[PDB]
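Participant: Pasting in a structure now, in structure tokens, and then I'll have a few things to ask.
Where a number appears in this text, it was derived from the coordinates with a stated rule and is not lab data. Cβ sites come from the backbone with ideal geometry, for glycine too, and all protein chains shown count toward neighbours.
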Amino acid sequence: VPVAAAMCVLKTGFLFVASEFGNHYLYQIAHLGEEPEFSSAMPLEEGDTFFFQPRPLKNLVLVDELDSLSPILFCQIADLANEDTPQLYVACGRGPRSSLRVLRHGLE
Amino acid sequence: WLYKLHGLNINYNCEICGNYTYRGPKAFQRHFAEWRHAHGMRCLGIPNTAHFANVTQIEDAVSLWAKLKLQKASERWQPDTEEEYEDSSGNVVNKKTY
Amino acid sequence: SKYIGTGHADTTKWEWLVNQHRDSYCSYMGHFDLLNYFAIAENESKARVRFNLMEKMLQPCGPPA
Amino acid sequence: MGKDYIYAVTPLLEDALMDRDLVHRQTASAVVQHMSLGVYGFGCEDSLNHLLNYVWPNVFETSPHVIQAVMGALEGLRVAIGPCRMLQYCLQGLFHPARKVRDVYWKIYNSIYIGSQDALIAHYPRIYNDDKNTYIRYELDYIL
Amino acid sequence: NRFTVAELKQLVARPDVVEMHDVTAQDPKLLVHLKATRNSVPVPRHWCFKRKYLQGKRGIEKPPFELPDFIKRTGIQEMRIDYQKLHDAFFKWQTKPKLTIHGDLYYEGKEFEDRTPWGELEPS
Amino acid sequence: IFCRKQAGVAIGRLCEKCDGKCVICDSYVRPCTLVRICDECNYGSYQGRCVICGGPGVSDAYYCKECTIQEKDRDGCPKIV
Amino acid sequence: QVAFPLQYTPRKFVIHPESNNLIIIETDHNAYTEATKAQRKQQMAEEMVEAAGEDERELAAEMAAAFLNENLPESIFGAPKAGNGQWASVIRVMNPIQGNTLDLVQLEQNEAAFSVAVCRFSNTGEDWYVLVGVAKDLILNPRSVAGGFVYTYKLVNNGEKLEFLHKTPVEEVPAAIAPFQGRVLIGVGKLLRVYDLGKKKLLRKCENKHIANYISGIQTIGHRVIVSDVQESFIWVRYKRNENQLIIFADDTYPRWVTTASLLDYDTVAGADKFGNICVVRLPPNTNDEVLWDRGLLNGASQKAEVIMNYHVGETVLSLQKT
RNA sequence: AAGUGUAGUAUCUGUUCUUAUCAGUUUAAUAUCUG
RNA sequence: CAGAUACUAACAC
Ligand SMILES: [Zn+2]
Ligand SMILES: [Zn+2]
Ligand SMILES: [Zn+2]
């Protein structure tokens, strides 16, 4: 999942993931874990390491995403859309979770 | 007691001032901005700024002066050489060349 | 005198700057936004930025003179 | 309420600070301190800064009552005009050749440091690197 | 093992800031660097003077304290009642004096030595 | 000389003569932050005694507004000893 | 909010006036460009085969072929961390109405875009040019750089495409670019320069060497230029046309670690700093902008701006706008 | 006839020291102290 | 170094 400032497991079987930057996530914990299980008891050579394959979500199901603007790095208030009410053009995120986000006063 | 108080027991020397001996801490400090030091300054072709206050020795004043000159020259803007022009086809030239 | 950070007539350059650097890194660890700034600039995880700052606390200016 | 009356009394305090008599200077310093502590967060930095110009020359005073009053004024002024100013006044005397200057300056610096350690981080001047020592705070020079 | 003044003057970016006593510091190179900083204030000139601060200010007759004009025009200078005028002096007529800039310290001899602004208040 | 140890849950007191006074600076003006004292200063025979002078203590001691503004309330136990 | 994905951390953008397209510069440290990521992956696949000597080479070739085709999304799995001093950077032109990329320029590995401008030049009149300021091989801590470049593109097809024109080398990071009187100001480390367009390179026509430290930003009104120093806050510079000179005429009396600046009026600047503060600095009335014996005041300019507003916001502010 | 004590400053009064030629203790420097 | 005088600390009684 995205890099987390904090993770919290709810007794109801959800994982909240407060992202370091960008949106936060609530995942339902669908399963508690064929995947190889590593151990301190396994013999391992000097300078060697255990290896695993990353893949798409398997124990977690995304249920909610909390739209967050952190970090805002560059903002520009302008009416680029001709709506007679300027929109806030914000360059948010960090790394590959960066975005340009257009903000407009009102309900979706 | 006043002789020792005014520091007149000490006796500083200034070459730029033609090896004059002021005989006082305060005397010395005032002299750099007075007539004899300034004459030596004129004789050596150095302006008598705060840079040269407390400098007594000719080779020092001369070398420090040279350093200051270069510094100021490299701190300034020289459009005669530091402006860029194109003669034709994007060939970059000086202001004098253009 | 008792307060760590205070100086006196015999404080060296090195001692004073090591104070400034240890005090700066603590400020960085506390001010979440200043930490945000550094993490984004370095393209690095906050946890690693904090860890790197803690590592730097040991000898922030190189060895004493 | 002092904000309303600070400008009116500023010339009088300036006159007392300029006075040869130590007690005028000592008493004016006490005024300064109290008025600075009362006008904190209400502008009026300009008057307090101007008065700091008159008060600061008295840091070399040896009389116990006068020095205590001057120190008290400085502590008050640290809150009112900010630790940044106080640091700016103390910088040149911290590594001054004379021990007497250094003793006073470190005493004032220590009061600012204990009072405003966190604030000072922003105000510390750039110290260039030595051959064997790194003194530049690189992170603060990062551009985003 | 100290630098000469001559030597220190060449080792630094701003020679004019170097004084005669600087070479006798623990760290003269740091001292001169600190003196060169933007907005730093000099040490009071009298640190090395034998006479104590302001103690040579003697032998000169000076007039009594000049009241600010708004207080002067209240007329109390002539009285030694009109409480509305007494209020107006501080709350209408009060004008800021010639306040000194940051870092310009006092010493014995000093005494005798579209253009429209944004976010301005509307007129009352 | 102030004790300057870690302030506890115990509350500082003032005798009748020393009442109204800020402990740190003797001002009678604007009492603000309630004084806290270290346990050892509150202990046994010292229970309820005056922070300034060790008298019977009848009122709650305070730091004044100026001392509060300056964070002088934070230095630790201000019992003069 | 509507969200339009980007590839790297966006440092700045500007709006093309005649089409409302956004020219966005995005830049990450510790990052591979697409080209470098491809090359690294190719050699990893080759090395993965070369690791095998026996008939295991058939399996190794299958694993290598699989690995070359696996494409875990960076937005989910994280972008791969290149080492210290490694940069990836792009210049993107996106339509703000729906976030389609109209054009995408990828810069070379270890080039980091730090500034961008859109402007006309008076010598050519009508054409629009995007100038992007780039650092080469910048090392953050300790700070060191292999110089920089200003890339010039003309912006064409009604604001939709970046036609590369020329790349101009500079001695230090061109950290700020500001269109100015039909030319452009560029803050190259501590140096403030006026550049004209030329043909083969941008041409330096004026310079000032007296800014204290690294220039973090530039703003202008009329003949006035407001320079953000990284630490020494605001310096007011006047350009003089006939003399062809940039003169410092005022500065602040406090260090501020400026992050952003907005001009409020002809005499007033709002600043933000790295320490979560906003301030407003104003030139006092009858400040004169028409300007070894000179020393200035307190080792700075002869005239001082006055802080008319200070406020600790609590969070680091990277943008300010009067609107 | 509104007195005395504690802690600390300031200002007149009456004392404020001829040395060669160097070293040391010192100090920002001088002076001081010791050869 | 002594005497005289003036003063400071909402000093104390
Ligand atoms: Zn001379
Ligand atoms: Zn009591
Ligand atoms: Zn108090």
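Participant: Does segment G:218-253 hold any residues that are surrounded by fewer than 22 Cβ atoms within 10 Å (Cβ to Cβ) and on the phi > 0 side of the Ramachandran plot, and which are they?
Facilitator: G:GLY222, G:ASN244
Participant: If you check F:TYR28 against the conditions, is it outside any strand (DSSP E or B), within 14 Å of another protein chain (Cβ to nearest Cβ) and within 13 Å of ligand 3 (Cβ to nearest atom)?
Facilitator: Spelling it out, F:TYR28 is indeed outside any strand (DSSP E or B), within 14 Å of another protein chain (Cβ to nearest Cβ) and within 13 Å of ligand 3 (Cβ to nearest atom).
Participant: How about segment D:108-121: which of its residues are crowded, with 17+ Cβ neighbours inside 10 Å and at the interface with chain C (Cβ under 8 Å from one of its Cβ atoms)?
Facilitator: D:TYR109, D:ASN110, D:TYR113, D:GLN117, D:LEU120, D:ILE121, listed by residue number.
Matching residues to (1) touching a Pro at 6+ places or on another chain (Cβ under 9 Å); (2) closer than 25 Å to A:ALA4 by Cα:
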site	(1), (2)
G:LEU6	yes, yes
G:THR9	yes, yes
G:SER19	no, no
G:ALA65	no, no
G:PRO73	yes, yes
G:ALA79	yes, yes
G:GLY83	no, yes
G:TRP87	no, yes
G:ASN95	no, no
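Participant: Identify, from the list E:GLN84, E:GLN55, E:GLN94, the residue that is over 29 Å from the mean Cα position of the chain (by Cα) and either among the polar types (S, T, N, Q) or not in a helix (DSSP H, G or I) (or both).
Facilitator: E:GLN84
Participant: Just for segment D:23-34: of the residues that are surrounded by 20 or more Cβ atoms within 10 Å (Cβ to Cβ) and within 16 Å of RNA strand H (Cβ to nearest atom), which one is farthest from D:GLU61 (Cα to Cα)?
Facilitator: The extreme case among them is D:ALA28.
Participant: What's the number of the condition A:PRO2 fails, among (1) out of contact with any helix residue (DSSP H, G or I) (no Cβ under 7 Å at 6 or more places or on another chain); (2) in a loop (DSSP other than H, G, I, E, B); (3) surrounded by 11 or more Cβ atoms within 10 Å (Cβ to Cβ); (4) within 11 Å of chain G (Cβ to nearest Cβ)?
Facilitator: For A:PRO2, the failing item is (1).
Participant: For E:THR116, which of the numbered conditions (1) of a type outside the set (A, V, I, L, M); (2) crowded, with 17+ Cβ neighbours inside 10 Å; (3) within 14 Å of chain G (Cβ to nearest Cβ) fails to hold?
Facilitator: Condition not satisfied by E:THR116: (2).
Participant: Conditions first: (1) under 19 Å from D:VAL9 (Cβ atoms); (2) more than 7 Å from every other protein chain (Cβ to nearest Cβ); (3) surrounded by 14 or more Cβ atoms within 10 Å (Cβ to Cβ); (4) over 22 Å from the mean Cα position of the chain (by Cα). E:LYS29 passes all but one, so which condition is the exception?
Facilitator: Result: E:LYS29 fails condition (1) only.
Participant: If you take just the strands (runs of 3 or more DSSP E) that sit entirely in segment G:125-222, which of them hold at least 3 residues that are small (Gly, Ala, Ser) and closer than 16 Å to D:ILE143 by Cβ?
Facilitator: Those strands (runs of 3 or more DSSP E) span G:174-180.
Participant: On the basis of being under 21 Å from E:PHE65 (Cα atoms) and part of a loop (DSSP other than H, G, I, E, B), does D:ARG25 make the cut?
Facilitator: No, not satisfied.
Participant: Across segment G:230-249, which residue is farthest from the other protein chains (Cβ to nearest Cβ) among those that are under 13 Å from G:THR260 (Cβ atoms) and either assigned to a strand (DSSP E or B) or of a type in the set (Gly, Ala, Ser) (or both)?
Facilitator: Only one residue tops the list, namely G:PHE234.
Participant: Looking at segment B:7-16, is at least one residue assigned to a loop (DSSP other than H, G, I, E, B), touching a strand residue (DSSP E or B) at 6+ places or on another chain (Cβ under 8 Å) and either more than 16 Å from RNA strand I (Cβ to nearest atom) or among the charged types (D, E, K, R) (or both)?
Facilitator: Among the residues of segment B:7-16, at least one is assigned to a loop (DSSP other than H, G, I, E, B), touching a strand residue (DSSP E or B) at 6+ places or on another chain (Cβ under 8 Å) and either more than 16 Å from RNA strand I (Cβ to nearest atom) or among the charged types (D, E, K, R) (or both), which makes the answer yes.
Per-residue answers, yes or no, for (1) within 12 Å of chain G (Cβ to nearest Cβ); (2) more than 23 Å from E:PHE3 (Cα to Cα):
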{"position": "B:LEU5", "(1), (2)": "no, yes"}
{"position": "B:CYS17", "(1), (2)": "no, no"}
{"position": "B:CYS43", "(1), (2)": "no, yes"}
{"position": "B:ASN54", "(1), (2)": "no, no"}
{"position": "B:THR81", "(1), (2)": "yes, yes"}
{"position": "B:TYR85", "(1), (2)": "yes, yes"}
{"position": "B:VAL93", "(1), (2)": "yes, yes"}
{"position": "B:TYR98", "(1), (2)": "yes, yes"}
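Participant: State the number of residues belonging to segment A:72-108 that are in a loop (DSSP other than H, G, I, E, B) and touching a helix residue (DSSP H, G or I) at 6+ places or on another chain (Cβ under 6 Å).
Facilitator: The total comes to 1.
Participant: Also, I was wondering about something else. Take segment F:49-74 and flag every residue that is more than 16 Å from D:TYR40 (Cβ to Cβ), surrounded by fewer than 15 Cβ atoms within 10 Å (Cβ to Cβ) and away from RNA strand H (no atom under 16 Å from the Cβ).
Facilitator: Answer for segment F:49-74, where residues must be more than 16 Å from D:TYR40 (Cβ to Cβ), surrounded by fewer than 15 Cβ atoms within 10 Å (Cβ to Cβ) and away from RNA strand H (no atom under 16 Å from the Cβ): F:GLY54, F:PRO56, F:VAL58, F:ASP60, F:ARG74.
Participant: Does F:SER45 satisfy the criteria of being among the polar types (S, T, N, Q) and within 16 Å of RNA strand I (Cβ to nearest atom)?
Facilitator: No.
Participant: Just checking, which of G:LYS136, G:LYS190 is over 29 Å from G:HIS223 (Cα atoms) and out of contact with any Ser or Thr (no Cβ under 6 Å at 6 or more places or on another chain)?
Facilitator: None of the other options fit; the residue is G:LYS136.
Participant: Here's something else I'd like to know. Please go through segment G:1-24 and give me each residue that is of a type in the set (A, V, I, L, M) and within 20 Å of the chain's Cα centre (by Cα), ordered by number.
Facilitator: G:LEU6, G:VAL14, G:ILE15, G:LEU22, G:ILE23, G:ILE24
Participant: Looking for whichever is within 14 Å of another protein chain (Cβ to nearest Cβ), out of contact with any helix residue (DSSP H, G or I) (no Cβ under 8 Å at 6 or more places or on another chain) and more than 16 Å from ligand 1 (Cβ to nearest atom) here; the options are F:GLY48, F:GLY76, F:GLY57. Which one fits?
Facilitator: Result: F:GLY76 is the single residue among F:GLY48, F:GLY76, F:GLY57 that is within 14 Å of another protein chain (Cβ to nearest Cβ), out of contact with any helix residue (DSSP H, G or I) (no Cβ under 8 Å at 6 or more places or on another chain) and more than 16 Å from ligand 1 (Cβ to nearest atom).
Participant: Also, I was wondering about something else. Taking the options F:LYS17, F:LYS5, name whichever one is out of contact with any strand residue (DSSP E or B) (no Cβ under 7 Å at 6 or more places or on another chain), within 16 Å of RNA strand I (Cβ to nearest atom) and either in a loop (DSSP other than H, G, I, E, B) or more than 27 Å from D:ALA69 (Cβ to Cβ) (or both).
Facilitator: The conditions single out F:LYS17.
Participant: Within segment E:95-116, how many residues are within 29 Å of G:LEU264 (Cα to Cα) and of a type outside the set (A, V, I, L, M)?
Facilitator: Number satisfying all stated conditions: 10.
Participant: Identify the residue in segment D:95-107 that is buried (at least 20 other Cβ atoms within 10 Å of the Cβ), within 7 Å of another protein chain (Cβ to nearest Cβ) and assigned to a helix (DSSP H, G or I) and, among all such residues, is nearest to the chain's Cα centre (by Cα).
Facilitator: D:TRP106
Participant: Is there a residue in segment G:264-284 that is more than 10 Å from chain E (Cβ to nearest Cβ) and hydroxyl-bearing (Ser, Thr, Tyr)?
Facilitator: no
Participant: Can you name every one of the strands (runs of 3 or more DSSP E) wholly within segment G:1-115 that holds 3 or more residues which are buried (at least 17 other Cβ atoms within 10 Å of the Cβ)?
Facilitator: The qualifying strands (runs of 3 or more DSSP E) are G:10-15, G:22-29, G:87-94, G:101-106.
Residue-by-condition table, conditions (1) under 21 Å from G:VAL14 (Cβ atoms); (2) more than 9 Å from chain G (Cβ to nearest Cβ); (3) surrounded by 14 or more Cβ atoms within 10 Å (Cβ to Cβ); (4) over 13 Å from the mean Cα position of the chain (by Cα):
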position	(1), (2), (3), (4)
A:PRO43	no, yes, no, yes
A:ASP67	no, no, no, no
A:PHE74	yes, no, yes, yes
A:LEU80	yes, no, yes, yes
A:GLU83	yes, yes, no, yes
A:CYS92	yes, no, yes, yes
